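Q: For reference, the structure I am asking about is given below.
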Amino acid sequence: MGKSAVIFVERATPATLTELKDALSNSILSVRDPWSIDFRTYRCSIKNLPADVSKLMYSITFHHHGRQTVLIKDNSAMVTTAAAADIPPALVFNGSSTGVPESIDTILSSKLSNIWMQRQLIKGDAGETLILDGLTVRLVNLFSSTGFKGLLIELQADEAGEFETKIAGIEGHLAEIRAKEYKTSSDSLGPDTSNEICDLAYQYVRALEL
Amino acid sequence: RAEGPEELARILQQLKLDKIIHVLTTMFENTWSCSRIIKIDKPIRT
Amino acid sequence: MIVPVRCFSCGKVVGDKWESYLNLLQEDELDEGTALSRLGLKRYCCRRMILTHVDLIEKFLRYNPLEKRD
Amino acid sequence: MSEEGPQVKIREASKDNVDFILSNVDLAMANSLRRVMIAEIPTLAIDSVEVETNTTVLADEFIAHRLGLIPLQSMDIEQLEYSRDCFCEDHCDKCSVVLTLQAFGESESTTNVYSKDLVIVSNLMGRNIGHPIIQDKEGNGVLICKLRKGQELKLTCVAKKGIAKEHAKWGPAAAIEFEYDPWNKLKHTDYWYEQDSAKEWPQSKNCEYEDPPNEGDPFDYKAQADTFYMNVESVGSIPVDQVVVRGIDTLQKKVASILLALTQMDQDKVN
Amino acid sequence: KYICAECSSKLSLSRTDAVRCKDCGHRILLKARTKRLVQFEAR
Amino acid sequence: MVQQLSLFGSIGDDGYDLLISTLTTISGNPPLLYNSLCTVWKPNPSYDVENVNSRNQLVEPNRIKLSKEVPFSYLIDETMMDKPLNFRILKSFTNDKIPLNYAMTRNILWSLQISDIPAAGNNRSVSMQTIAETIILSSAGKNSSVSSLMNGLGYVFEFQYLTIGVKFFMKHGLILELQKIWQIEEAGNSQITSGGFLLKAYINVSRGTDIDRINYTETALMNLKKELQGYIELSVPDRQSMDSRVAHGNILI
Amino acid sequence: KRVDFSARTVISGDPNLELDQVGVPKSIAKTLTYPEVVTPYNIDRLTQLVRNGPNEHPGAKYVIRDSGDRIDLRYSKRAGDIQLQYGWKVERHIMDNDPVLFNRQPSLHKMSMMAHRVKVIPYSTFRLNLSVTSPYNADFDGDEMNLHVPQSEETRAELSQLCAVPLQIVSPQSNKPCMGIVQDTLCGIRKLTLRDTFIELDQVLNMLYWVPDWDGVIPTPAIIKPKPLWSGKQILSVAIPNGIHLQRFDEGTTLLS
Amino acid sequence: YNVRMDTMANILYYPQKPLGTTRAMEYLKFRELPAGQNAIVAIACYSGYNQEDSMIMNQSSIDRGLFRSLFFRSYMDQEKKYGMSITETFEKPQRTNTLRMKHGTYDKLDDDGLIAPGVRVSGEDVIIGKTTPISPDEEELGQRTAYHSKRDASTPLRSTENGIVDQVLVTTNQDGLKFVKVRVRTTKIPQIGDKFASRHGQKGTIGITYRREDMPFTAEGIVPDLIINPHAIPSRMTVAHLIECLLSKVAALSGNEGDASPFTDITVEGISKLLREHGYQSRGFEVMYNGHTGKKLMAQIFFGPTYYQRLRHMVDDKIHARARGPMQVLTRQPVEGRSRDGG
Amino acid sequence: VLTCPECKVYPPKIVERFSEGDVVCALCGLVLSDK
Amino acid sequence: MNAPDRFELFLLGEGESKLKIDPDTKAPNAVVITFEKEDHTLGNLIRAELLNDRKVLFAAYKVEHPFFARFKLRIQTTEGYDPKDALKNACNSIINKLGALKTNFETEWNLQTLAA
């Protein structure tokens with residue numbers, strides 16, 4: 001079972017990504033294609049709500065994992081696809097689907113706009129992915145509406161035996177570059193049920209919260 | 001899809017060069033970690 | 001109408017100095033130019049703010065929003 | 001010492017004013033520095049008011065506009081967030097400050113409502129911010145309104161973070177003097193005279209810091225503007241040295257944003 | 001609710017009562033501002 | 001999102017077998033069995049949606065359809081494993097009773113779908129309807145379930161039904177469906193399409209702006225209808241019957 | 001008689017606008033319309049315009065069918081629903097480079113009612129080039145002028161091929177130009193071309209960039225050594241087209257003035 | 001002005017008594033109720049946005065409260081008594097028993113039918129609820145239903161007027177009928193298209209506004225509150241404008257009221273002498289730098305305070321457009337009137 | 001009596017646009033009577 | 001009222017690129033670069049720095065209308081040298097100069113405080 005972790009640095013500089021790319025250059029084995037990610041928050045527009053019912057809904061869009069959206073609310077996850085190649089053949093065959101769906105963000109922001117309204121949008125484009133010995137590291141700069149926000153690091157490994165050691169090593173590597181205020185997370189949404197992309201989205205939410 | 005005789009000659013020269021490079025790189029890897037990331041601005045004087 | 005808080009031209013603040021400026025005029029019996037310069041008003045735009053102010057708030061105050069005649 | 005870079009000579013300083021010379025620098029750089037020092041440095045100011053009781057002789061937006069210009073301490077403004085970015089609804093605890101104003105004219109003699117009576121009721125989280133700026137001897141600060149017998153005013157204020165490119169209320173610098181070439185060696189200005197131009201035009205205080213030109217010297221057609229004389233005064237919210245340093249930092253961040261966008265676009269072109 | 005015009009006395013009037021003040025007997029009556037402050041957005 | 005161009009009709013079960021043969025004579029394809037299960041959800045009345053812009057009518061509340069395929073092992077009783085799994089089994093599906101009951105469907109709790117009333121005007125020869133669709137692949141969390149998800153969005157369950165029928169694929173992407181519909185409640189199961197089959201022939205268009213394609217689709221549908229003249233009458237249904245907004249309640253069945 | 005599809009507002013001056021272009025405020029552009037016909041060449045942009053709605057510029061306000069029925073887009077929720085066909089009409093807002101007719105009262109002569117191309121701008125005033133204020137006998141201390149919108153293709157062609165500002169320069173009352181450089185541009189073009197005025201490198205570069213018809217060639221200076229300088233006549237000659245010849249001899253001027 | 005419910009009223013936030021006053025003003029009381037403000041004016045050419053009587057203004061000055069005016073309006077209504085029965089009532093109408101209701105929002109009305117002070121009214125809202133009883137024999141040609149026992153007679157706001165209701169008054173007239181008066185407040189801020197004038201027949205409109213960074217500045221960091229064109233001086237021969245500028249500058253620098261009465265002994269040379277005592281070029285010129293690049297300007301600039309008045313014509317009251325709308329009863333042509341959205 | 005010929009709903013819901021001289025059904029947006 | 005919001009001066013709209021580079025069709029090795037939400041403060045600085053490179057031939061900027069915050073820059077350099085590289089060098093030099101200026105001012109201010 002693969003494991004993943006996410007570390008977000010808030011006080012980063014524009015050139016910190018290059019600094020961390022060069023500081024790891026000795027162990028860098030290869031480089032792969034760039035990636036992107038989107039992060040929306042939707043708000044509840046109804047006022048007759050109970051106290052225990054949350055008001056937000058976080059939508060995370062993964063571009064490299066085959067164009068998939070994940071909706072998060074109160075530690076509850078939902079995974080939607082929008083590509084014609086991800087459709088289970090039964091739904092196509094029986095007639096439950098017309099074959100060319102839409103992203104759930106269009107549905108939230110077009111038809112249900114009287115229940116949910118957008119509040120923010122944080123984007124990340126042209127990230128870099130590096131293959132190290134039994135590890136893959138992805139770096140990207142986060143841009144909000146106002147401007148630069150911070151640095152995002154996501155780590156993924158296939159063997160879970162020595163994940164903590166790798167996390168500690170990367171933390172130390174950030175330490176020599178004097179990035180001392182960083183928030184990390186490797187939590188799991190469900191102890192018994194393990195879905196990789198849902199756990200990744202939950203870790204993103206836990207890292208990016210203010 | 002090559003267009004020029006000079007282009008064809010350059011293509012064949014590069015063919016010989018990178019064929020030799022591939023042969024020796026395979027020789028090293030079958031025994032060695034090369035680097036495919038480093039690019040130097042100025043070629044090293046012979 | 002109460003004294004403007006800020007100067008319309010150089011961004012400075014003159015609002016708080018009105019009370020102390022009025023003091024120098026009759027307690028110390030000074031002239032207007034020296035009193036204006038005593039409070040750090042050096043650009044003539046700040047002197048313009050303080051010097052030419054019509055204080056109309058002391059007339060509305062003897063009055064009520066209910067029953068003016070004609 | 002950094003001998004390859006811009007040089008600076010401070011001659012005078014105080015809580016409000018800094019008076020200095022900037023040498024070995026282009027004219028474009030000094031002009032951009034002053035433009036940024038006036039226009040693009042964040043500060044904390046009142047951005048919304050809601051009123052409960054108004055038995056005064058003034059309007060409501062009148063007092064709102066008067067409140068929107070009062071200066072408040074904004075030393076640690078780097079730890080607040082733009083309210084358009086904070087995930088909170090309306091105003092946050094991390095993306096706003098809140099004050100309250102209450103006054104009542106119990107006495108027969110009229111009572112002045114100053115700015116010392118703004119009381120902060122939100123949680124500051126140990127940040128030095130939100131205090132009103134007071135510069136007069138008596139400590140009363142900006143006078144806000146006037147009251148009589150039987151008149152009351154009650155209202156609540158929300159103060160936020162912004163720049164001066166959207167309203168004049170967030171500006172931390174009053175007026176900055178910018179001079180150079182007091183002898184007109186470069187022939188940048190052409191004087192207007194009746195009889196003798198050398199006498200009608202007074203002399204700047206700065207002439208003592210350069211040597212007068214000699215009539216036997218032909219016009220030097222190779223010089224460039226290199227020495228500037230500046231003076232900067234602050235409204236009071238930010239210390240003036242911090243005004244200069246933050247202007248330099250903001251210019252640096254703008255150029256770095258340009259650099260980052262260019263690198264991103266080059267990576268896109270690589271694809 | 002309402003308010004007198006001379007002494008500003010606090011009065012409450014129905015839909016049928018005479019429009020007069022009880023203490024001074026004047027014929028000029030003013031309203032009272034909305035006690036519950038209501039927030040608005042200028043659009 | 002598609003523009004679906006459709007024509008409707010119905011037949012009595014007596015001719016059913018005959019009809020099937022004729023279809024195979026035209027299409028050149030054999031029928032394929034299928035089934036499905038649809039659940040309809042409506043906005044929660046406990047929540048007051050003042051956001052409906054009453055002075056402008058920017059939007060009106062609507063109903064959401066969630067569909068799923070169910071294996072035939074839930075629909076075949078102990079008397080029917082002997083027969084092979086083909087279309088003839090539909091001949092035994094004439095009773096209002098069905099193996100799938102309320103408790104099993106409650107135990108189950110996909111494709112999410114929203115639609116609008118067809119286009120107005122009397123110069124339309126086929127029912128043109130707009131559909132917005134998405135797919136739910138999986139989920140997780142402490143309350144991972146369709147019911148909990150739709151309550152999180154703000155919707156509640158209204159009813160459900162079960163469709164069983166056969167499909168014919170013809171040229172140009174034309175799909176012809178023969179259906180039987182069973183409404184399901186705790187009180188029991190009732191076949192609304194009693195003693196007959198509901199016939200629906202339709203095509204999908206991916207982009208509504210392309211008009212050459214839409215004209216071609218209408219030409220194909222009208223040619224198909226003119227082929228079946230004298231056997232079955234294919235007609236445009238009532239525009240006011242295919243309206244699924246919450247304010248007004250009716251259900252074409 | 002009174003008419004429809006018209007507006008009236010004060011004027012102002014804009015030196016950055018071209019000669020035959022008028023700045024139209026945003027709201028006045030949101031109120032007046034134009035009935036564009038849906039065709040294969042515009043159905044995508046027109047569809048996006050209908051989706052935009054009537055509260056956004058650009059947008060649309062009504063949709064007319066083939067049969068004459070007209071659907072108000074505001075009440076009909078179908079901004080995202082109406083599918084357009086060939087021959088329908090979208091009543092869209094007025095968009096950049098739409099011809100308009102523009103005048104000032106009293107309209108004493110032919111040259112007081114001229115055509116213009118629109119440019120949508122903020123704020124509440126109209127914008128004009130500072131050289132058309134002579135035919136209109138208008139200044140900017142409170143004058144209001146009138147705007148009329150054509151509603152067809154023939155009418156638009158008439159406004160674009162007959163009444164355009166470019167075609168109204170040589171007036172037929174006295175067979176001489178009715179427009180020219182006026183006021184402060186005239187006061188400046190004279191201070192520029194004295195023999196006294198010399199220009200350094202950076203300003204010459206900026207000035208040559210400002211001329212939108214430049215060809216990327218830097219004129220060789222007139223004083224190469226000991227310092228490169230340019231004369232005002234040299235930079236101003238860039239605006240003047242090529243092939244223009246002019247001779248004028250004043251009092252007491254020889255071939256070396 | 002606080003009490004009076006006039007049909008219209010304009011008030012200025014901060015009025016300033018002029019720096020140059022005639023001696024006669026002490027009898028017109030113009031230093032008690034002024035009508036303008038002392039504005040720093042630089043006569044110059046700058047970017048070409050002030051030609052043909054336009055002017056350029058400093059936007060930071062606008063933001064700090066220069067030339068900002070309150071506006072006050074009022075409406076009246078009363079119950080009419082046709083015959084012996086009261087044919088008009090002040091009560092909030094209900095759609096159950098009323099016909100011909102207006103599209104305005106009746107929600108802001110109280111139970112008395114009168115809105116309360118402190119509510120942001122807007123376009124086409126109603127502030128007075130008036131209902132007319134109708135005799136049963138009167139039917140609107142089939143429009144009336146069984147339960148529509150009354151008609152609406154409310155008074156909506158003018159289509160453009162926005163602001164906050166400021167006062168409501170209830171009284172009775174000579175006949176004892178009820179009487180309501182509503183006063184509404186608003187704030188007006190200068191913008192492109194307004195109208196300003198000096199005391200010498202020199203008026204114009206704002207043509208563009210600039211921020212303090214693009215404004216040319218002097219070596220002392222002073223910035224002109226407005227900039228006018230010099231092509232307005234020669235043909236008008238308003239030398240008194242220049243003399244007023246010079247004398248006001250000297251009075252501001254010195255700090256005492258400067259006489260400018262007619263037929264007196266003050267001369268131009270005398271005030272120029274008094275000017276040079278302070279340290280400025282005698283003819284009022286000054287050295288100013290470009291705002292964009294920061295260079296020096298080749299020509300010096302005439303600079304100094306003046307007095308300006310904000311006239312009564314705003315662009316918000318002159319702007320009008322019409323696509324379609326109401327017609328006329330007889331000729332069936334678009335109606336007359338801007339407030340009635342005519343052609 | 002004035003009814004929408006497409007909604008066919010009784011009693012009809014109708015809004016008059018005075019500033020445009022139109023009568024508009026409040027459901028389909030159709031324009032019934034002009035001027 | 002038609003007054004646009006002020007925050008459109010410093011907040012990019014969605015789908016807006018802060019830079020846009022377009023080759024110039026008239027002169028070889030020339031590019032036109034549009035900057036958004038920026039004014040003379042940046043363009044003057046960048047052009048004055050680009051005028052110091054001996055391999056840079058042409059460098060000029062303009063702000064077409066004072067209503068909108070955006071401006072155009074035009075660069076032309078010698079053969080075998082990329083205008084984007086010239087822009088990068090200019091930005092690096094400006095950043096180094098500003099850093100040196102900040103260090104000098106801090107040293108002088110601290111010395112004055114010691115002498116205060």
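We name chains A, B, ... following the order of the structure tokens; residues begin at 1 in each chain, and ligands are numbered from 1 as shown.
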If you run DSSP on the backbone here, which positions in range 79-305 of chain H get alpha helix (DSSP H)? Please write them as an mmCIF file with N, CA and C atoms, in the first residue's frame.
A:
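Wrote selection34.cif, looks like this:
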data_model
loop_
_atom_site.group_PDB
_atom_site.id
_atom_site.type_symbol
_atom_site.label_atom_id
_atom_site.label_comp_id
_atom_site.auth_asym_id
_atom_site.auth_seq_id
_atom_site.Cartn_x
_atom_site.Cartn_y
_atom_site.Cartn_z
ATOM 1 N N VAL H 239 -7.167 89.449 -15.869
ATOM 2 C CA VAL H 239 -5.975 89.710 -15.069
ATOM 3 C C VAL H 239 -6.302 89.648 -13.583
ATOM 4 N N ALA H 240 -7.568 89.872 -13.227
ATOM 5 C CA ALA H 240 -7.955 89.814 -11.825
ATOM 6 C C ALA H 240 -7.834 88.403 -11.272
ATOM 7 N N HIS H 241 -7.974 87.385 -12.123
ATOM 8 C CA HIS H 241 -7.738 86.012 -11.691
ATOM 9 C C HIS H 241 -6.292 85.831 -11.241
ATOM 10 N N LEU H 242 -5.353 86.305 -12.058
ATOM 11 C CA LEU H 242 -3.939 86.208 -11.724
ATOM 12 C C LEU H 242 -3.606 87.012 -10.475
ATOM 13 N N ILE H 243 -4.177 88.210 -10.352
ATOM 14 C CA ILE H 243 -3.885 89.037 -9.184
ATOM 15 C C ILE H 243 -4.462 88.405 -7.924
ATOM 16 N N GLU H 244 -5.669 87.843 -8.018
ATOM 17 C CA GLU H 244 -6.264 87.145 -6.884
ATOM 18 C C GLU H 244 -5.419 85.949 -6.478
ATOM 19 N N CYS H 245 -4.921 85.191 -7.457
ATOM 20 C CA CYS H 245 -4.023 84.082 -7.158
ATOM 21 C C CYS H 245 -2.798 84.556 -6.391
ATOM 22 N N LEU H 246 -2.139 85.602 -6.894
ATOM 23 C CA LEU H 246 -0.925 86.102 -6.253
ATOM 24 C C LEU H 246 -1.202 86.572 -4.828
ATOM 25 N N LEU H 247 -2.272 87.347 -4.645
ATOM 26 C CA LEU H 247 -2.554 87.904 -3.331
ATOM 27 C C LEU H 247 -2.983 86.820 -2.346
ATOM 28 N N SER H 248 -3.752 85.832 -2.809
ATOM 29 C CA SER H 248 -4.146 84.727 -1.941
ATOM 30 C C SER H 248 -2.943 83.898 -1.527
ATOM 31 N N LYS H 249 -2.009 83.676 -2.453
ATOM 32 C CA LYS H 249 -0.774 82.984 -2.093
ATOM 33 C C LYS H 249 -0.013 83.747 -1.021
ATOM 34 N N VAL H 250 0.094 85.069 -1.173
ATOM 35 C CA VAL H 250 0.819 85.864 -0.187
ATOM 36 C C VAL H 250 0.112 85.818 1.165
ATOM 37 N N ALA H 251 -1.223 85.812 1.159
ATOM 38 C CA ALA H 251 -1.963 85.796 2.418
ATOM 39 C C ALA H 251 -1.866 84.442 3.110
ATOM 40 N N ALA H 252 -1.882 83.356 2.333
ATOM 41 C CA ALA H 252 -1.702 82.029 2.914
ATOM 42 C C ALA H 252 -0.311 81.875 3.507
ATOM 43 N N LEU H 253 0.723 82.301 2.773
ATOM 44 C CA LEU H 253 2.078 82.248 3.308
ATOM 45 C C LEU H 253 2.246 83.149 4.523
ATOM 46 N N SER H 254 1.527 84.269 4.578
ATOM 47 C CA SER H 254 1.700 85.218 5.669
ATOM 48 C C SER H 254 0.746 84.954 6.829
ATOM 49 N N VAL H 268 0.263 95.668 -8.007
ATOM 50 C CA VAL H 268 0.880 94.363 -8.238
ATOM 51 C C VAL H 268 2.308 94.333 -7.700
ATOM 52 N N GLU H 269 3.066 95.408 -7.923
ATOM 53 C CA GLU H 269 4.456 95.436 -7.485
ATOM 54 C C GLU H 269 4.565 95.347 -5.969
ATOM 55 N N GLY H 270 3.647 95.987 -5.244
ATOM 56 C CA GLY H 270 3.698 95.924 -3.792
ATOM 57 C C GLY H 270 3.541 94.511 -3.263
ATOM 58 N N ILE H 271 2.559 93.778 -3.788
ATOM 59 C CA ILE H 271 2.363 92.414 -3.322
ATOM 60 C C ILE H 271 3.502 91.518 -3.796
ATOM 61 N N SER H 272 4.106 91.809 -4.951
ATOM 62 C CA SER H 272 5.285 91.038 -5.351
ATOM 63 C C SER H 272 6.449 91.258 -4.389
ATOM 64 N N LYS H 273 6.645 92.500 -3.940
ATOM 65 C CA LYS H 273 7.644 92.766 -2.910
ATOM 66 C C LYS H 273 7.342 91.973 -1.645
ATOM 67 N N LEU H 274 6.087 92.019 -1.187
ATOM 68 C CA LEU H 274 5.720 91.258 0.006
ATOM 69 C C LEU H 274 5.878 89.759 -0.211
ATOM 70 N N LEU H 275 5.802 89.306 -1.459
ATOM 71 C CA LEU H 275 6.007 87.894 -1.750
ATOM 72 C C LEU H 275 7.476 87.512 -1.620
ATOM 73 N N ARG H 276 8.377 88.346 -2.148
ATOM 74 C CA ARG H 276 9.792 87.987 -2.117
ATOM 75 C C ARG H 276 10.363 87.980 -0.703
#
Q: Write out as JSON, numbers by chain which residues come within 9 Å of residue 11 in chain E when counting only C-alpha atoms, dropping same-chain ones fewer than 5 positions away.
A: {"E": [1, 2, 3, 4, 21, 22]}
Q: Export N, CA, C and O atoms of the chosen residues as a PDB file, in the first residue's frame?
A:
ATOM      1  N   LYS E   1     -44.759  53.640  17.485  1.00  0.00           N
ATOM      2  CA  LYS E   1     -44.281  54.706  18.355  1.00  0.00           C
ATOM      3  C   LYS E   1     -44.167  56.023  17.599  1.00  0.00           C
ATOM      4  O   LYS E   1     -44.095  56.043  16.374  1.00  0.00           O
ATOM      5  N   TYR E   2     -44.144  57.125  18.346  1.00  0.00           N
ATOM      6  CA  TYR E   2     -43.975  58.453  17.776  1.00  0.00           C
ATOM      7  C   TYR E   2     -43.231  59.306  18.796  1.00  0.00           C
ATOM      8  O   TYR E   2     -42.709  58.798  19.793  1.00  0.00           O
ATOM      9  N   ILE E   3     -43.180  60.613  18.544  1.00  0.00           N
ATOM     10  CA  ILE E   3     -42.511  61.536  19.450  1.00  0.00           C
ATOM     11  C   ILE E   3     -43.092  62.925  19.220  1.00  0.00           C
ATOM     12  O   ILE E   3     -43.440  63.287  18.093  1.00  0.00           O
ATOM     13  N   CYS E   4     -43.207  63.694  20.299  1.00  0.00           N
ATOM     14  CA  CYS E   4     -43.752  65.040  20.205  1.00  0.00           C
ATOM     15  C   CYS E   4     -42.758  65.965  19.510  1.00  0.00           C
ATOM     16  O   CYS E   4     -41.578  65.655  19.343  1.00  0.00           O
ATOM     17  N   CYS E  21     -50.493  65.426  20.764  1.00  0.00           N
ATOM     18  CA  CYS E  21     -49.681  65.114  21.929  1.00  0.00           C
ATOM     19  C   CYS E  21     -50.538  65.201  23.183  1.00  0.00           C
ATOM     20  O   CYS E  21     -51.433  66.046  23.277  1.00  0.00           O
ATOM     21  N   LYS E  22     -50.268  64.320  24.145  1.00  0.00           N
ATOM     22  CA  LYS E  22     -51.080  64.288  25.357  1.00  0.00           C
ATOM     23  C   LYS E  22     -50.747  65.430  26.311  1.00  0.00           C
ATOM     24  O   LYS E  22     -51.653  65.993  26.932  1.00  0.00           O
TER      25      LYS E  22
END
Q: Applying 6 Å and only C-alpha atoms, which residues near residue 60 in chain J remain after dropping the ones on its own chain fewer than 6 positions away? List them as an MDAnalysis selection string.
A: (chainID G and resid 206) or (chainID J and resid 73:74)
Q: Take the residues just selected and output them with N, CA and C atoms as a PDB file, in the first residue's frame.
A:
ATOM      1  N   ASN G 206      11.190  56.517 -26.996  1.00  0.00           N
ATOM      2  CA  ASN G 206       9.798  56.526 -26.546  1.00  0.00           C
ATOM      3  C   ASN G 206       8.884  57.193 -27.568  1.00  0.00           C
TER       4      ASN G 206
ATOM      5  N   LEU J  73       5.703  47.022 -23.344  1.00  0.00           N
ATOM      6  CA  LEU J  73       7.145  47.159 -23.431  1.00  0.00           C
ATOM      7  C   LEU J  73       7.608  46.524 -24.733  1.00  0.00           C
ATOM      8  N   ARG J  74       8.633  47.101 -25.345  1.00  0.00           N
ATOM      9  CA  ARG J  74       9.175  46.605 -26.598  1.00  0.00           C
ATOM     10  C   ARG J  74      10.681  46.509 -26.465  1.00  0.00           C
TER      11      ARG J  74
END
Q: Which residues come within 10 Å of residue 144 in chain D, counting only C-alpha atoms, excluding same-chain residues fewer than 6 positions away, as a PyMOL selection string?
A: (chain C and resi 2-5+15-16) or (chain D and resi 63+66-67+70+112-117)
Q: I want to know what sits within 8 Å of residue 246 in chain D, based on only C-alpha atoms, with residues of the same chain fewer than 3 positions away left out; could you give that as a list in words?
A: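 Using only C-alpha atoms, the neighbours found are residues 37, 41, 242, 243, 249 and 250 of chain D.
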Q: Grab the residues selected above and save them as a PDB file, in the first residue's frame with N, CA and C atoms.
A:
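In the end it all went to out_33.pdb:
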ATOM      1  N   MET D  37       6.774  54.375  -2.200  1.00  0.00           N
ATOM      2  CA  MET D  37       6.670  54.832  -0.816  1.00  0.00           C
ATOM      3  C   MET D  37       5.368  55.573  -0.569  1.00  0.00           C
ATOM      4  N   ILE D  41       2.115  50.774   0.153  1.00  0.00           N
ATOM      5  CA  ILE D  41       2.535  50.185   1.417  1.00  0.00           C
ATOM      6  C   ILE D  41       1.299  49.981   2.288  1.00  0.00           C
ATOM      7  N   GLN D 242      10.852  52.294   8.641  1.00  0.00           N
ATOM      8  CA  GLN D 242      10.060  51.186   8.139  1.00  0.00           C
ATOM      9  C   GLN D 242       9.349  51.553   6.845  1.00  0.00           C
ATOM     10  N   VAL D 243       8.953  52.815   6.677  1.00  0.00           N
ATOM     11  CA  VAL D 243       8.348  53.228   5.411  1.00  0.00           C
ATOM     12  C   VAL D 243       9.336  53.039   4.267  1.00  0.00           C
ATOM     13  N   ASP D 249      11.286  46.821  -0.081  1.00  0.00           N
ATOM     14  CA  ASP D 249      10.837  45.432  -0.106  1.00  0.00           C
ATOM     15  C   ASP D 249       9.718  45.226  -1.115  1.00  0.00           C
ATOM     16  N   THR D 250       8.764  46.156  -1.174  1.00  0.00           N
ATOM     17  CA  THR D 250       7.656  46.027  -2.114  1.00  0.00           C
ATOM     18  C   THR D 250       8.141  46.106  -3.556  1.00  0.00           C
TER      19      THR D 250
END
Q: Could you work out how far CA of residue 83 in chain D lies from CA of residue 10 in chain J, giving the answer in Å with one decimal?
A: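 Calculated distance between CA of residue 10 in chain J and CA of residue 83 in chain D is 14.7 Å.
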Q: Please list as a PyMOL selection string every residue within 6 Å of residue 45 in chain J, counting only C-alpha atoms and excluding residues in the same chain fewer than 3 positions away.
A: (chain D and resi 28-29) or (chain J and resi 42+48)
Q: Counting only C-alpha atoms, which of J:110, J:2, J:78, J:7 gets nearest to chain D?
A: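 The answer is J:7, which sits nearest to chain D.
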Q: May I have the residues of chain C within 12 Å of chain E, counting only C-alpha atoms, written as a ChimeraX atom specification?
A: /C:64-68
Q: Emit the selected residues as a tab-separated table (two decimals), in the first residue's frame, including C-alpha atoms.
A:
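Contents of out31.tsv, freshly written:
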chain	number	residue	atom	x	y	z
C	64	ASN	CA	-33.09	71.15	17.34
C	65	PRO	CA	-34.07	69.10	14.26
C	66	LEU	CA	-37.79	69.55	15.01
C	67	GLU	CA	-39.42	72.94	14.48
C	68	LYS	CA	-37.69	75.61	12.39
Q: Pick out the chain J residues within 9 Å of chain H. Count only C-alpha atoms. Give them as a list in words.
A: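 Taken together, these residues fit the definition: residues 1, 3, 40, 41, 44 and 66 of chain J.
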Q: Give me, as an MDAnalysis selection string, all polymer residues having an atom no more than 12 Å from range 2-18 of chain I, counting only C-alpha atoms and skipping those fewer than 4 positions away in the same chain.
A: (chainID F and resid 55:56 117 119:122 238:240 243 248) or (chainID G and resid 69 72 74:75) or (chainID H and resid 100:104 124 142:143 145 159 324:327 340:341) or (chainID I and resid 22:35)
Q: Quick check, in Å to one decimal: how far apart do CA of residue 66 in chain F and CA of residue 154 in chain F lie?
A: 14.6 Å
Q: Please report as a PyMOL selection string which residues of chain G come no farther than 12 Å from chain D, using only C-alpha atoms.
A: chain G and resi 200+225-229
Q: What does the structure give for the distance between CA of residue 194 in chain F and CA of residue 25 in chain F, in Å to one decimal?
A: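 Atom-to-atom, CA of residue 194 in chain F and CA of residue 25 in chain F are spaced 27.3 Å apart.
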Q: Would you list which chain H residues are within 7 Å of chain D using only C-alpha atoms, as a list in words?
A: residues 60, 63, 64, 213, 219, 220, 221, 279, 280, 281, 293, 294, 296, 297, 298 and 299 of chain H
Q: Residues of chain G no more than 8 Å from chain J, counting only C-alpha atoms: send them over as a ChimeraX atom specification.
A: /G:16,25-27,122-124,205-206,209-210,215-216
